[PDB]
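See structure below.
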Amino acid sequence: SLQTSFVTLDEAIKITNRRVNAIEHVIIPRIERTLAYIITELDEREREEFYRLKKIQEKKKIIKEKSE
Amino acid sequence: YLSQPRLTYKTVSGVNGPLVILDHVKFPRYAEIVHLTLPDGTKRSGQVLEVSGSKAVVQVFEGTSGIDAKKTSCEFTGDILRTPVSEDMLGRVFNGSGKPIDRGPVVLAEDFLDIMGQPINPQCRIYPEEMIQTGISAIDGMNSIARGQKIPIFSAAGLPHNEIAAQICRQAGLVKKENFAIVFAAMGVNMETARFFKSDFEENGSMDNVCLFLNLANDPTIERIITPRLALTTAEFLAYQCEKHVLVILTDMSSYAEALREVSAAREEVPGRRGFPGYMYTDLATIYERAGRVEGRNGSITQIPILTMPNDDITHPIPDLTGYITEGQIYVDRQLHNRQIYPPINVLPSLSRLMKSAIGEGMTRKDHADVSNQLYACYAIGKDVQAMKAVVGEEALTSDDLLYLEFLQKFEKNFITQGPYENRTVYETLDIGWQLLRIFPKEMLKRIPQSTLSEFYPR
Amino acid sequence: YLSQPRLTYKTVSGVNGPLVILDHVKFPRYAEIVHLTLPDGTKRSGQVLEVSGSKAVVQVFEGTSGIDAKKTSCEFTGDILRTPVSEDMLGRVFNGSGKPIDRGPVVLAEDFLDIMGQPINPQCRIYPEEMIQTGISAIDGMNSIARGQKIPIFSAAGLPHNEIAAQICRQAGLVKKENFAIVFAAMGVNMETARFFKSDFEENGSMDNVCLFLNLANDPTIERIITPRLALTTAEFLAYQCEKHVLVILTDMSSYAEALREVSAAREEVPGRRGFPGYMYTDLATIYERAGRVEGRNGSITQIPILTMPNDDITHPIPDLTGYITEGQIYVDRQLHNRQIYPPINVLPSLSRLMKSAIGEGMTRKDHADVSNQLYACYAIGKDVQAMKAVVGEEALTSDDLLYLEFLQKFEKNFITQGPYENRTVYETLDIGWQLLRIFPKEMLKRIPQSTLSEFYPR
Amino acid sequence: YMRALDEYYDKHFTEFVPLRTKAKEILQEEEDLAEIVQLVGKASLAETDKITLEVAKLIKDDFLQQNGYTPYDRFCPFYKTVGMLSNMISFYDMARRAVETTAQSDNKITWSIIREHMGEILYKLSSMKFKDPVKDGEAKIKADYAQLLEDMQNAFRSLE
Amino acid sequence: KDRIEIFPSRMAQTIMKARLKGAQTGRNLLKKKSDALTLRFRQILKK
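Protein chains in written order, with our numbering: chain H, 1 to 68; chain Y, 69 to 527; chain F, 528 to 986; chain C, 987 to 1146; chain W, 1147 to 1193.
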């Protein structure tokens, strides 16, 4: 009984360590990279919106100068 | 030549960021140079970024602090920014604007060259084919440099890129088995880096042949925009008129691109990625593409830009656009520097577009292409095997994966690892490459044909 | 009628991308039409985007290249864009602006209609309940169309949305237990797509029922603003006055939205998400919402737009606002297409908001709704289990999860996958759905009441 | 354009369309496995899936990639391309048949057994790319690929 | 491959943070399961 438990636990340990390593070396780093990319691209959207609004504000100022 | 006395305007009409918008300027010229006597007698300089009607948006190089509207006097030089150039520039130190800081006299011009230079008519541009033996194995064996190639050293803050650049300068030579002149422009470099490079060039006898432009970390930011252009203009005077073989180094093109971003933001030009101007590709190309060799002229301008990849992120706009413009990149790696491999050239993302023609039969040796390609493949597979054993541990690897890991270890230990003063010939580098390719049975060298293998593999 | 002479101004005051700003115009009328004689006799058309005092901001459909101040003569037609319509528009091919390109004569107006279309009273709009047997099982069984529904085909660059739309066009007909006229507004479709659609409509002998409005890729890019309005105006004439049942296809609402963006940027309006004008929701609603039945009238307009989702992002403004306005989207999926599953309809992100009231006893069959819900649920669970299988491998999965995976496989193989020339009646689609549900035991079909389980499950 | 060109493929290279479809299926199957193997390791692989992985690696390394600056592969006529693909897909079919016929037996053929027995044939399939279109005529290259096909058809018979 | 291939958005950022924490919870639970199996295995070897 001891030997059978030992062998089966050996298999279980190998599989579980392979799962844990798979997660922490593939799945989690993949998600972390995707999160970094998402944050950067959202910063880009915000920057573009900022530029467009800045441009609109400048054009409104120029309109004030054109009217006055 | 200008015989007409030049107009001095006090008619400033605003000051915003680095921009002095003059008004009542008479026939203002685009990209003209303006000299500003500030109220207190400080003389600054600047360039007319825009002309409209009578206005003139003079971008001041040294910044605008202290500019009084009614008391600043801007005299219009009447010409574009022309740098005096003479061969006596070799063996000097200049600040970012070309003013001497070695306590030597101002350059006695042999000519005045438009700092922006001109494009070389591609039809009369020779294709770089002579190989520069940089001595670094990771370069000569897998990224070999040609003479005239624009090849930056991508790096990150704190890495040995200073040491690598000094090593390339102190053992560059042709594979024919005459000295290089060097023009070294530095931007945003700290005093430690300036001392390192100056001390290195002086410790070697090369200082007679080097011409430094320095814009240290606390010198004006907008002046970094023109420092590369001064350096390349001197390089062009030496290479295409004096026929020297000039190697140009441009330190911290990141500290340049950020000057570009500063000016472009003050101008509110359309931004690209991460805020950098929309035309940074064009500007970086105006710098880099001043390289290569010219029909009928014996000189050449190698370029080795150095740049700090922000956050080590090779998708960052500076390294990305520099990658699209330049002829390769030598990539310097933290994951090796932290292991204290020197030089930490991580070949796998490195590239040299003129290796394919700079190597082969009658130039270096005839196995060179196959050896380089096979080392690339074996290194890549070894890295993949490491990433696999990170999941499945030693037990699950087959003998072939163990072979690739053995190759990877002996490759980073023998091929990349190199003495900071060690000067390996291309033949020695190729032989060390073979010692590693022999780690494998022939059939695992899938990238090498039989004619090559049967001749070189055995010995 | 308008008896007064038209005023013609040589007074152009500006040219700016697609726009032409006039001045000194007498009492401008917003949305007025203008005929611009360019210097060389070329005659273009345009619409007054805005008026202000004496100014008008024309929007030239055929573009502004070649226009100049001081010689371009803008004739102000004095009325909004009234297009001709006639029943014999069926069997014609018109360019983007409704001019003929089939070498037949211009449309001898049976009546003149405002391309905007007079809005219909929600109190006397009928509810569409007659299901269209599109033949495509991925639609009839799970996202069925009803005669009057606005049901766009979301898709992406490279997917077979053209093939799907052509199949629907050539197979659609009422459920058995009224032959569609087609009005097809091609916008920004390349020549290959336009010729595919045209050759298919001729091949199926349908040309006597098809009215094509082509605005090819190379045609001017402001004309595709009014091309869909022309198409829907002719559709309304055929449906609500001639009493015909009309199926409107709009080939690329994304090309339309990008024409809108072009105009919005040219006007420098405050831009919404991703640069598109803020009023895109309203402007797309005026296009889509011209479908549906109406009391008294016997005709109807079915509407099947087609959307290219940029980067396949269904949250991009075009698909997002089209999903707000239209009664549910059929969804063509790259992950299926790359596996070579035609039609690549992904049934999870697609719905038909009028399906629920267009199926059931006497209309299609008693089990239709239950089969649809259960297939949807089983498919969703199968996709979740498929995601899990990658993580835990097929050993850790329970036999029930394996049942679900087999159902997913055979569901894509039998139910979705379909011959391009095969029209599965709704009854056949339901039988094929049951063939899959009977993979599961009755206990696991929780979304089917016991009555419709017992009646149909064992057969 | 693939559907437009078959009208011409079926009358100049009649086998190429099925060869192409099988090549794409093989690369898609190897892609699908890659996610599983990366997380789980090769112990779980079926014996036909090992053949799929190894044939896909053969195709990627030695049919797809093409060193464009070498006298043998700067140019690669379509007779050479379709020949290489035909040999590789024929190898794939023979190996899968060898596995599916002996999976139920005591003479079980495995990828390891095939690898050991045909280390030469696999290297020939790997070095097909080095045949030079001009230095070696079309007839010579087609003959050599036919001879490699014969060699494989003999090796598999002798294996089984 | 490097990225999960979800399209940038605040919705995507939320989903990715949820998924990262899900994978970290999986890591912790499986590591504890491995520790239980390892303690039992060591005990069983000693006995």
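Yeah, the Cβ is synthetic: ideal placement off N, Cα and C, and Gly gets one too.
Annotation note: the stretch 1005-1067 of chain C contains the following uninterrupted alpha helix (DSSP H) runs of length 4 or greater, listed N- to C-terminal: 1033-1045. In this structure, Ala-583(F) lies near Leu-549(F), with their beta-carbon atoms less than 8 Å apart. Per DSSP, reduced to three states, the secondary structure at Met-1104(C) is coil, with no helix or strand assignment. Taking all protein chains shown into account, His-313(Y) has 16 or more neighbouring C-beta atoms within 10 Å of its C-beta and is therefore buried.
Look at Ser-1155(W): its C-beta is under 8 Å from a C-beta on chain F. Listed along chain Y, the residues sitting closer than 9 Å to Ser-1112(C) by beta-carbon distance are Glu-511 and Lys-514. Judged by their CB atoms, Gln-1051(C) and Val-26(H) are not nearer to each other than the 8 Å cut-off.
Closest in C-alpha terms to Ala-299(Y), from the list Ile-250(Y), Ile-200(Y), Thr-289(Y) and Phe-95(Y), comes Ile-250(Y). Here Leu-389(Y) has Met-348, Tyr-349 and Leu-352 as same chain residues with Cβ atoms under 7 Å from its own Cβ, once five neighbours each way along the sequence are excluded.
Partner residues in the beta bridge of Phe-621(F), as assigned by DSSP, are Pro-627(F) and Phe-740(F).
Under a criterion of Cβ atoms nearer than 9 Å, the residues of chain W adjacent to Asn-838(F) are, in order, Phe-1153.
Taking a contact as a CB-CB distance under 8 Å, the pair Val-1041(C) and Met-1080(C) does not count as one, their CB atoms being some 11 Å apart. For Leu-1031(C), none of the residues of chain H pass the 7 Å Cβ criterion, the least Cβ distance being about 14 Å.
Note on geometry: alpha-carbon atoms of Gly-203(Y) and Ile-413(Y) lie some 13 Å from one another.
Between the alpha carbons of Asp-1118(C) and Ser-519(Y) lies a gap of roughly 13 Å. Assignment of beta strand (DSSP E) within the stretch 306-352 of chain Y, counting only whole runs of 3 or more residues, yields 313-319 in chain order. For the stretch 442-469 of chain Y, the set of residues with a beta-carbon nearer than 8 Å to any beta-carbon of chain C comprises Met-456, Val-459, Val-460 and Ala-464, in chain order. Counting only the Cα atoms, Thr-1056(C) lies some 18 Å from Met-1070(C).
Per DSSP, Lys-937(F) is one residue of the alpha helix (DSSP H) stretching across 926-937. When 7 Å is used as the limit between beta carbons, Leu-1025(C) is near these residues of chain H: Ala-22 and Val-26, in chain order.
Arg-18(H) belongs to the set of residues whose beta carbon lies under 8 Å from a beta carbon in chain C. From the beta-carbon of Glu-1021(C), the residues of chain F found nearer than 8 Å are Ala-917.
In this structure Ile-39(H) is exposed. Its beta-carbon is surrounded by fewer than 16 other beta-carbon atoms within 10 angstroms.
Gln-1090(C) sits in coil when the DSSP states are folded into three classes, being neither helix nor strand. Within chain W, no C-beta atom comes nearer than 9 Å to that of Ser-67(H); the closest sits roughly 39 Å away. Any Cβ of chain Y closer than 8 Å to the Cβ of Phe-1116(C) would place that residue at the interface, and such an atom is present.
For the options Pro-387(Y), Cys-279(Y) and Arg-361(Y), the alpha carbon positioned closest to that of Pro-168(Y) is the one of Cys-279(Y). Residue-level contact check: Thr-1184(W) touches chain H, since one or more beta carbons of chain H fall below 8 Å from its beta carbon.
Counting every other CB atom within 10 Å of its CB across the protein chains shown gives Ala-1029(C) a total below 16, marking it as exposed. In terms of Cβ geometry, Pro-339(Y) and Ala-206(Y) do not form a close pair [threshold 8 Å]. Among the residues facing chain Y, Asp-1047(C) is included, as its CB has a counterpart in that chain under 8 Å away.
The beta carbon of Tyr-767(F) lies closer than 7 Å to those of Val-821, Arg-824 and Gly-826 in the same chain, with the five residues before and after it left out. Annotation: Cβ neighbours of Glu-795(F) in chain H (cutoff 7 Å, chain order): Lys-59. Of the candidates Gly-391(Y), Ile-507(Y) and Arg-515(Y), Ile-507(Y) places its Cα closest to the Cα of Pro-526(Y). The Cβ atoms of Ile-219(Y) and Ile-232(Y) do not sit closer than 8 Å to each other.
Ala-713(F) is bridged by DSSP to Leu-741(F).
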